[PDB]
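K.L.:
Got a structure for you, questions after.
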Amino acid sequence: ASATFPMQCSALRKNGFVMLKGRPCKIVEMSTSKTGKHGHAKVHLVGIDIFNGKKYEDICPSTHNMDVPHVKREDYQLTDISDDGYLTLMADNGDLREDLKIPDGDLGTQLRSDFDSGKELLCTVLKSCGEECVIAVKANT
């Protein structure tokens with residue numbers, strides 16, 4: 001039930017998930033840099049926060065592990081939007097959750113409009129490291 005698991009830095013790949021500075025990211029760049037000439041490594045890692053979009057960075061030995069998030073998604077059916085801007089989301093087993101808000105950016109605006117219209121919507125919730133949010137909205141019928 002851990003939120004992150006070890007992986008050897010030499011096993012990391014571009015567009016894979018990695019933890020940078022406590023945030024779950026997608027690796028966007030990797031390269032080598034500077035050592036002592038007897039068997040070590042400093043891999044430079046860049047990654048985009050999978051929720052924010054912020055860019056982060058760190059340096060790690062090829063030999064030793066990194067922390068890698070479990071990243072999951074689940075689809076909910078959208079049934080309401082409150083004045084507070086919270087969504088009412090219904091899981092496949094019927095349970096409701098109203099703790100997720102209208103997402104940021106263009107997605108939240110589309111979501112708001114499509115539901116102001118008459119459309120049945122599925123919201124895909126991204127989940128990782130104790131953080132969750134709607135990342136995709138898809139028409140239903």
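Naming scheme: A, B, ... for chains in displayed order of the structure tokens; residues 1 onward per chain; ligands 1 onward as shown.
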Skip residue 46 in chain A itself and residues of its chain fewer than 4 positions away, then list as a list in words all residues within 10 Å of it, counting only C-alpha atoms.
P.N.:
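My reading of the contact set: residues 14, 18, 20, 25, 26, 27, 28, 29, 30, 31, 55, 56, 57, 58 and 59 of chain A.
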K.L.:
Would you put the residues from that selection into a file with C-alpha atoms, as a JSON list (two decimals), in the first residue's frame?
P.N.:
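To be explicit, this is the file written out as out.json:
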[["chain", "number", "residue", "atom", "x", "y", "z"],
["A", 14, "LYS", "CA", 12.06, 8.70, -20.89],
["A", 18, "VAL", "CA", 9.81, 9.00, -11.13],
["A", 20, "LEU", "CA", 11.59, 14.28, -8.04],
["A", 25, "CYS", "CA", 6.81, 13.25, -12.38],
["A", 26, "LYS", "CA", 7.22, 11.96, -15.93],
["A", 27, "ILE", "CA", 10.86, 11.80, -16.99],
["A", 28, "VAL", "CA", 11.51, 14.25, -19.82],
["A", 29, "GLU", "CA", 15.34, 14.23, -19.95],
["A", 30, "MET", "CA", 18.18, 11.99, -18.71],
["A", 31, "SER", "CA", 21.95, 12.21, -19.13],
["A", 55, "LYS", "CA", 9.37, 21.03, -13.98],
["A", 56, "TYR", "CA", 11.73, 19.55, -11.40],
["A", 57, "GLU", "CA", 15.18, 18.09, -11.40],
["A", 58, "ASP", "CA", 17.68, 16.01, -9.46],
["A", 59, "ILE", "CA", 20.95, 14.06, -9.76]]
K.L.:
Wanna dump the range 38-88 of chain A-range 102-115 of chain A contacts at 12 Å for me, each residue with its shortest atom pair and the distance in Å to one decimal, counting only C-alpha atoms, ordered by chain and number, as a tab-separated table?
P.N.:
residue	atom	partner	partner_atom	distance
A:51	CA	A:104	CA	10.2
A:52	CA	A:104	CA	9.7
A:53	CA	A:104	CA	11.6
A:77	CA	A:115	CA	11.6
A:78	CA	A:115	CA	8.5
A:79	CA	A:115	CA	8.9
A:80	CA	A:115	CA	8.3
A:81	CA	A:102	CA	8.1
A:82	CA	A:102	CA	9.7
A:83	CA	A:102	CA	10.8
A:84	CA	A:102	CA	9.6
A:85	CA	A:102	CA	6.0
A:86	CA	A:102	CA	6.2
A:87	CA	A:102	CA	6.4
A:88	CA	A:102	CA	10.1
K.L.:
Taking C-alpha atoms for each residue, export the selection above as a PDB file, in the first residue's frame.
P.N.:
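Final output, saved to selection-v4.pdb:
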ATOM      1  CA  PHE A  51      -0.586  17.122 -11.715  1.00  0.00           C
ATOM      2  CA  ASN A  52       0.916  20.660 -11.794  1.00  0.00           C
ATOM      3  CA  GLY A  53       3.031  20.588 -14.903  1.00  0.00           C
ATOM      4  CA  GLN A  77     -19.866   9.172 -13.987  1.00  0.00           C
ATOM      5  CA  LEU A  78     -20.579  12.855 -13.346  1.00  0.00           C
ATOM      6  CA  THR A  79     -23.944  13.531 -11.775  1.00  0.00           C
ATOM      7  CA  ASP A  80     -23.774  17.036 -10.293  1.00  0.00           C
ATOM      8  CA  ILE A  81     -21.726  20.189  -9.820  1.00  0.00           C
ATOM      9  CA  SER A  82     -22.196  22.155  -6.587  1.00  0.00           C
ATOM     10  CA  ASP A  83     -22.069  25.929  -6.124  1.00  0.00           C
ATOM     11  CA  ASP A  84     -18.846  25.275  -4.197  1.00  0.00           C
ATOM     12  CA  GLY A  85     -17.560  23.968  -7.533  1.00  0.00           C
ATOM     13  CA  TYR A  86     -17.255  20.378  -6.251  1.00  0.00           C
ATOM     14  CA  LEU A  87     -18.180  17.525  -8.563  1.00  0.00           C
ATOM     15  CA  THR A  88     -20.425  14.621  -7.581  1.00  0.00           C
TER      16      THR A  88
END
K.L.:
Quick one: residues within 10 Å of residue 132 in chain A, only C-alpha atoms, excluding same-chain residues fewer than 3 positions away - as a PyMOL selection string?
P.N.:
chain A and resi 51+72-73+99-100+125-129+135
K.L.:
Would you list the contacts of residue 3 in chain A as a VMD selection string, taking every protein, DNA or RNA residue within 10 Å and counting only C-alpha atoms, but skipping same-chain residues closer than 5 positions in sequence?
P.N.:
chain A and resid 24 67 to 71 128 to 130
K.L.:
Could the residues in this selection be written to a file with N, CA and C atoms, as a PDB file, in the first residue's frame?
P.N.:
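Output file again_22.pdb is given in full below:
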ATOM      1  N   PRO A  24       5.398  13.364  -7.906  1.00  0.00           N
ATOM      2  CA  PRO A  24       5.395  12.351  -8.969  1.00  0.00           C
ATOM      3  C   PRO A  24       5.514  13.003 -10.338  1.00  0.00           C
ATOM      4  N   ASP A  67      12.776   6.472  -6.266  1.00  0.00           N
ATOM      5  CA  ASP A  67      11.393   6.223  -5.900  1.00  0.00           C
ATOM      6  C   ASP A  67      10.509   6.487  -7.115  1.00  0.00           C
ATOM      7  N   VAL A  68       9.602   5.565  -7.409  1.00  0.00           N
ATOM      8  CA  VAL A  68       8.740   5.635  -8.580  1.00  0.00           C
ATOM      9  C   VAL A  68       7.299   5.534  -8.115  1.00  0.00           C
ATOM     10  N   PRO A  69       6.422   6.444  -8.517  1.00  0.00           N
ATOM     11  CA  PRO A  69       5.033   6.377  -8.068  1.00  0.00           C
ATOM     12  C   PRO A  69       4.278   5.275  -8.746  1.00  0.00           C
ATOM     13  N   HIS A  70       3.399   4.653  -7.983  1.00  0.00           N
ATOM     14  CA  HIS A  70       2.241   4.023  -8.573  1.00  0.00           C
ATOM     15  C   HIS A  70       1.304   5.125  -9.040  1.00  0.00           C
ATOM     16  N   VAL A  71       0.854   5.019 -10.282  1.00  0.00           N
ATOM     17  CA  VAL A  71      -0.017   6.000 -10.901  1.00  0.00           C
ATOM     18  C   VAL A  71      -1.206   5.252 -11.466  1.00  0.00           C
ATOM     19  N   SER A 128      -2.303   9.421  -7.522  1.00  0.00           N
ATOM     20  CA  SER A 128      -0.939   9.015  -7.213  1.00  0.00           C
ATOM     21  C   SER A 128      -0.468   9.804  -6.000  1.00  0.00           C
ATOM     22  N   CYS A 129       0.159   9.106  -5.059  1.00  0.00           N
ATOM     23  CA  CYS A 129       0.808   9.749  -3.909  1.00  0.00           C
ATOM     24  C   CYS A 129      -0.168  10.527  -3.036  1.00  0.00           C
ATOM     25  N   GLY A 130      -1.389  10.018  -2.902  1.00  0.00           N
ATOM     26  CA  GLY A 130      -2.347  10.701  -2.065  1.00  0.00           C
ATOM     27  C   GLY A 130      -2.952  11.925  -2.703  1.00  0.00           C
TER      28      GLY A 130
END
K.L.:
Write out as a PyMOL selection string all residues of chain A that DSSP puts in strand (DSSP E) for this structure's backbone.
P.N.:
chain A and resi 4-8+17-20+23-32+43-49+55-60+65-69+72-81+87-90+96-97+120-128+131-140
K.L.:
Please measure the separation of CA of residue 42 in chain A and CA of residue 60 in chain A, giving the value in Å to one decimal.
P.N.:
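Between CA of residue 42 in chain A and CA of residue 60 in chain A the gap is 5.2 Å.
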K.L.:
Between A:48, A:137, A:43, A:66, single out the one closest to residue 7 in chain A, counting only C-alpha atoms.
P.N.:
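Smallest distance to residue 7 in chain A is found for A:66.
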K.L.:
What is the distance, in Å and to one decimal place, between CA of residue 75 in chain A and CA of residue 124 in chain A?
P.N.:
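If I compute the distance from CA of residue 75 in chain A to CA of residue 124 in chain A, I get 4.3 Å.
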K.L.:
Rounded to one decimal place, report the CA of residue 92 in chain A-CA of residue 1 in chain A distance in Å.
P.N.:
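Value for the CA of residue 92 in chain A-CA of residue 1 in chain A distance: 21.9 Å.
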K.L.:
Show me, as a PDB file with N, CA, C and O atoms, in the first residue's frame, the residues that have an atom within 7 Å of residue 90 in chain A when counting only C-alpha atoms, minus same-chain residues fewer than 3 positions from it.
P.N.:
ATOM      1  N   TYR A  76     -15.281   7.891 -13.424  1.00  0.00           N
ATOM      2  CA  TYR A  76     -16.490   8.081 -12.648  1.00  0.00           C
ATOM      3  C   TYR A  76     -17.529   8.714 -13.552  1.00  0.00           C
ATOM      4  O   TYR A  76     -17.179   9.419 -14.489  1.00  0.00           O
ATOM      5  N   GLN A  77     -18.814   8.480 -13.264  1.00  0.00           N
ATOM      6  CA  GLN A  77     -19.866   9.172 -13.987  1.00  0.00           C
ATOM      7  C   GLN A  77     -20.220  10.453 -13.223  1.00  0.00           C
ATOM      8  O   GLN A  77     -20.299  10.458 -11.990  1.00  0.00           O
ATOM      9  N   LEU A  78     -20.346  11.554 -13.951  1.00  0.00           N
ATOM     10  CA  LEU A  78     -20.579  12.855 -13.346  1.00  0.00           C
ATOM     11  C   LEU A  78     -22.077  13.052 -13.218  1.00  0.00           C
ATOM     12  O   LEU A  78     -22.818  12.912 -14.197  1.00  0.00           O
ATOM     13  N   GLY A  94     -21.263   2.400  -7.562  1.00  0.00           N
ATOM     14  CA  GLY A  94     -22.342   3.264  -7.138  1.00  0.00           C
ATOM     15  C   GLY A  94     -21.958   4.297  -6.099  1.00  0.00           C
ATOM     16  O   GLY A  94     -22.674   5.295  -5.932  1.00  0.00           O
ATOM     17  N   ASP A  95     -20.851   4.091  -5.404  1.00  0.00           N
ATOM     18  CA  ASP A  95     -20.452   5.034  -4.373  1.00  0.00           C
ATOM     19  C   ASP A  95     -20.238   6.414  -4.970  1.00  0.00           C
ATOM     20  O   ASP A  95     -19.628   6.559  -6.026  1.00  0.00           O
ATOM     21  N   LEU A  96     -20.738   7.432  -4.285  1.00  0.00           N
ATOM     22  CA  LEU A  96     -20.474   8.807  -4.667  1.00  0.00           C
ATOM     23  C   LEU A  96     -19.261   9.378  -3.942  1.00  0.00           C
ATOM     24  O   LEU A  96     -18.986   9.048  -2.787  1.00  0.00           O
ATOM     25  N   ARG A  97     -18.586  10.307  -4.607  1.00  0.00           N
ATOM     26  CA  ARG A  97     -17.542  11.102  -3.974  1.00  0.00           C
ATOM     27  C   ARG A  97     -17.713  12.524  -4.472  1.00  0.00           C
ATOM     28  O   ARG A  97     -17.869  12.747  -5.676  1.00  0.00           O
TER      29      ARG A  97
END
K.L.:
What are the DSSP helix (DSSP H, G or I) residues of range 16-113 of chain A, as a list in words?
P.N.:
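Taking range 16-113 of chain A and keeping helix (DSSP H, G or I) only, one gets residues 105, 106, 107, 108, 109, 110, 111, 112 and 113 of chain A.
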K.L.:
When you count only C-alpha atoms, which of these residues is closest to residue 19 in chain A: A:6, A:118, A:36, A:61?
P.N.:
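Looking only at the distances to residue 19 in chain A, the closest residue turns out to be A:6.
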